[PDB]
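So you know, we letter chains A, B, ... as the sequences are listed, proteins then strands, and number each from 1. Just so you know, these numbers use all the heavy atoms, side chains as well, and skip hydrogens, waters and symmetry mates.
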2 protein chains.
Amino acid sequence: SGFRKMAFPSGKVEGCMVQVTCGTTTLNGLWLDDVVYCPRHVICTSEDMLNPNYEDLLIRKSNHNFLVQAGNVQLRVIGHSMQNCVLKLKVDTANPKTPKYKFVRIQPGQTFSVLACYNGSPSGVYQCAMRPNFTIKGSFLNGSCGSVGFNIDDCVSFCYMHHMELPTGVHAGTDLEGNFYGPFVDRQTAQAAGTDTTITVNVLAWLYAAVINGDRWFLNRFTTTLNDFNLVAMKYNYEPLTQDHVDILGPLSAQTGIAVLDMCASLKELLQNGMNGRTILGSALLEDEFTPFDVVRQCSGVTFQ
Amino acid sequence: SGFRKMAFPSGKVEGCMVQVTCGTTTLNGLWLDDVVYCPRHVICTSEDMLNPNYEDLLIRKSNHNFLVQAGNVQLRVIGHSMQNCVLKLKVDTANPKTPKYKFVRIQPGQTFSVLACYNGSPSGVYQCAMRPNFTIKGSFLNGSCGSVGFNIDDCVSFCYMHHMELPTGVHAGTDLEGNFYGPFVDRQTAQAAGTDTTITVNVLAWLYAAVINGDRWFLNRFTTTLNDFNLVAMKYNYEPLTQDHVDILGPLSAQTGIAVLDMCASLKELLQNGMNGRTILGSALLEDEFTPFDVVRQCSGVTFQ
């Protein structure tokens, strides 16, 4: 029993982090077989980030100017390439700690784990969800660039590499192909993020976990339809709710005896009349970073390699 | 920038988890060199937990009835002993993955990371604090007994092994010597936990992180003394605040320019007049599971081996 925000076990990932240096800046890297992945702005000094031409700056760089330090042992860069916003730093010795990995581009509303690192060393792990506006709300300091977000399946799925922190404090990054989430670019200029809406489908799965774990005073008396719900949600800035969202909620509906539309009616009155200083699962706010799949994993305890 | 609840990297610990079977029950174990540690109630079936005599039941058990499965490879128990509430299952092959470990008994109000496991396999990691009443509020299912709580220094410090879940849903366990935290015993009877008071010193460190990270509307106009504060806290069920707590808050006071007693005055009005539907660091409640040391580790980004 109980419910916590669990991150995935970080052992496989923390064997792949390397220290990447190019000039004065030191950020992290992802060591896969014989290609080291790290943000391409490492070749950039502080003045460069303003209006940098990336194609020209790498030309002024050679194979002997990047230092890939794996703890004690140092690697020798043997070939470099730029994939959108990422450097593939090919090296000589292939990593024996390479796991079954995958490269995935997540969709908004999905959750993963982040191994925050500095100087190539692991410092912490926590769970976060991609916001609909393609940003995240983590804890990143200077030098934590190159920290990776992953999901463990017996396979690791890397889906995020932190690049920059917006002047609003929120964080932005790319996938392991080098393609940013959102409209962001890796230069130090005012880049606008949009309206951040609450993830409705994750909130409804969180309520089901609450019923499984006991907190159920919110089980209301009214019902509602699916247009009636989305009308209320768009006013409270909640994303519209689809039929595929209902199908994803199927197993939770079966286990608890509460129909998906009946739970929506409880949320509708929750939004309109608040929670009244009363908590659900130990929180005074509506949580939107538990996907429906996540609730099943924790309440049923599936494990991994 | 930003602030999250970070757990420690779980790689070192997840190389030490083993599957321990004795009869029908299957729970987890901690594989250190050549001694396997696991709860002593594994020798206990469902009827046994009611009124079990532990000294007699092990006598009816022999070296060939415990199965310590490390993933694929199986170990052969060669010697057994009982240390309070724990089985030391001595085996033949000494674990090559044994790290620099330590055995520590934490004090109430301190925080650590838990690697929740099932059948000897890691399923998640999250951060939790020991409550003053010597319980924890985690996510434990059946078979998650033997899951360990640790702190990483280049040394791991195991401090908790989950044993039982109280009928109130909260969790209880021992240290790696086998000594329970609190008045609890490993039998299935109604065991009473006391008044759970909020950890004041952790709350004050959380406010300092908020000021470092921006949320500061709570910086009040009044001041107060240290008896005046503790009088208000005991009414709101908050533990009394000591001088050693102030000394521990020293570095946070220096970095922010806010005196320790001045922050207490802000909390005093926070407790008396609420937060008014307004958030701090993204929460509508006062958080008491960030120790003062924890706030320094995240805002300054220290790493480990």
Side-chain angles (χ1 to χ4, degrees), chain A residues 1-9 127 206 209-215 255 281-283 290 294-304, chain B residues 5 7-8 10 13-14 16-21 24-30 37-42 44 46 49 85-87 106 111-131 133-151 158-176 178 180-182 184-191 193 196 289:
Chain A
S1 176
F3 205 81
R4 276 269 184 188
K5 200 186 258 158
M6 273 186 328
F8 285 99
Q127 198 73 356
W206 182 74
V211 181
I212 279 154
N213 278 285
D215 281 355
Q255 178 196 336
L281 291 174
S283 175
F290 295 98
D294 281 336
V295 165
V296 161
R297 318 192 290 92
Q298 186 172 189
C299 295
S300 199
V302 293
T303 74
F304 319 100
Chain B
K5 200 186 258 158
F8 285 99
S10 52
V13 177
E14 70 188 283
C16 301
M17 317 311 313
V18 291
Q19 203 192 21
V20 194
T21 298
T24 187
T25 296
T26 309
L27 52 83
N28 315 305
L30 195 68
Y37 307 86
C38 78
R40 77 173 169 172
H41 87 281
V42 62
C44 278
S46 167
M49 290 293 293
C85 304
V86 88
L87 286 169
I106 63 166
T111 55
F112 57 91
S113 302
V114 170
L115 181 69
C117 300
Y118 311 96
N119 271 325
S121 280
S123 84
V125 58
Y126 60 101
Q127 198 73 356
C128 76
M130 174 81 83
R131 318 289 316 131
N133 64 6
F134 293 97
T135 86
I136 62 168
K137 294 179 180 176
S139 169
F140 275 108
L141 289 177
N142 295 342
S144 46
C145 307
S147 305
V148 290
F150 60 101
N151 286 297
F158 300 104
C159 48
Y160 177 78
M161 185 177 244
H162 170 265
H163 281 61
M164 291 196 327
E165 187 177 77
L166 279 190
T168 47
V170 290
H171 301 107
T174 74
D175 52 52
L176 267 288
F180 262 105
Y181 295 90
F184 310 118
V185 296
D186 57 356
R187 63 183 176 89
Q188 181 183 132
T189 191
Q191 305 176 50
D196 189 57
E289 294 181 354

Practice task
Check whether any side-chain N or O of B/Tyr181 sits under 3.5 Å from a backbone N or O of B/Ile106 as a donor-acceptor pair, and report yes or no.
Solution key: yes

Problem - Shortest non-hydrogen contact between B/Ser147 and B/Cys117, atoms and distance - result: OG-N, 3.3 Å

Practice task
Return yes if some donor-acceptor pair links the side-chain N/O of B/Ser123 with the main-chain N/O of B/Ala116 below 3.5 Å, else return no.
Solution key: yes

Exercise for the section: Determine yes or no for a side-chain-to-main-chain donor-acceptor pair under 3.5 angstrom, with A/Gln298 supplying the side chain and B/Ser139 the backbone. Expected result: no

Completion exercise
Distance col, row B/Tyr160:OH vs B/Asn151:CG, nearest 0.5 angstrom, shows 14.0 Å

Problem - Donor-acceptor pair, side chain of B/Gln191 and main chain of B/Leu166, under 3.5 angstrom - result: no

Practice task
Output the distance between atom CG (A/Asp294) and atom CH2 (A/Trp206), rounded to the nearest 0.5 Å.
Solution key: 14.5 Å

Fill in the blank from the handout: Minimal heavy-atom distance between B/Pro39 and B/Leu27, with the atoms involved, is CD-CD1, 3.6 Å

Handout entry: Criterion side-chain contact (heavy atoms from CB on, under 4.5 Å) on A/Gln255 and A/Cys299, from CA distance to verdict
Key = CA-CA 11 Å; A/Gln255 178 196 336; A/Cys299 295; 5.6 Å; no

Practice task
Mark yes or no for whether B/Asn28, through its side chain, and B/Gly120, through its backbone, hold a donor-acceptor pair below 3.5 Å.
Solution key: yes

Problem - B/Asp196 atom CG, neighbour heavy-atom count above 12 within 6.0 Å - result: yes

Exercise for the section: Could you grab the distance from atom CG of B/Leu30 to atom CE of B/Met161, nearest 0.5 Å is fine? Expected result: 5.5 Å

Problem - Distance, nearest 0.5 Å, that separates CG of B/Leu115 from CE of B/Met17 - result: 6.0 Å

Fill in the blank from the handout: Residues B/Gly149 and B/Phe112: closest non-hydrogen pair is CA-CD1, 3.7 Å

Handout entry: Distance in Å, B/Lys5 NZ paired with B/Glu289 CD, rounded so as to fall on 0.5 Å steps
Key = 5.0 Å

Handout entry: Aromatic contact, B/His163 with B/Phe180 (centres under 6.0 Å)
Key = yes

Exercise for the section: Only pairs at least two apart or in different chains count here, so list each side chain to side chain donor-acceptor pair (under 3.5 Å) that has a residue in residues 112-121 of chain B. Expected result: B/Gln19-B/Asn119, B/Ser113-B/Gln127

Problem - Residues forming a ring pair (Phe, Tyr, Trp, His ring centres under 6.0 Å) with B/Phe150, sequence neighbours excluded - result: none

Exercise for the section: Measure from the ring center of B/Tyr37 to the ring center of B/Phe158 and say whether it is less than 6.0 Å. Expected result: no

Practice task
Search all heavy atoms of A/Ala209 against all heavy atoms of A/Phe3 and return the closest pair with its distance.
Solution key: CB-CE1, 3.7 Å

Practice task
Answer yes or no: are there more than 12 heavy-atom neighbours, outside A/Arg297 itself, under 6.0 Å from its atom CZ?
Solution key: yes

Handout entry: Distance-minimising heavy-atom pair for A/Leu281 and A/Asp215
Key = N-OD2, 2.5 Å

Problem - Approximate separation, where rounding is to 0.5 Å, of B/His171 NE2 and B/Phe140 CZ - result: 6.5 Å

Handout entry: Distance-minimising heavy-atom pair for B/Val20 and B/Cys38
Key = CG1-SG, 3.8 Å

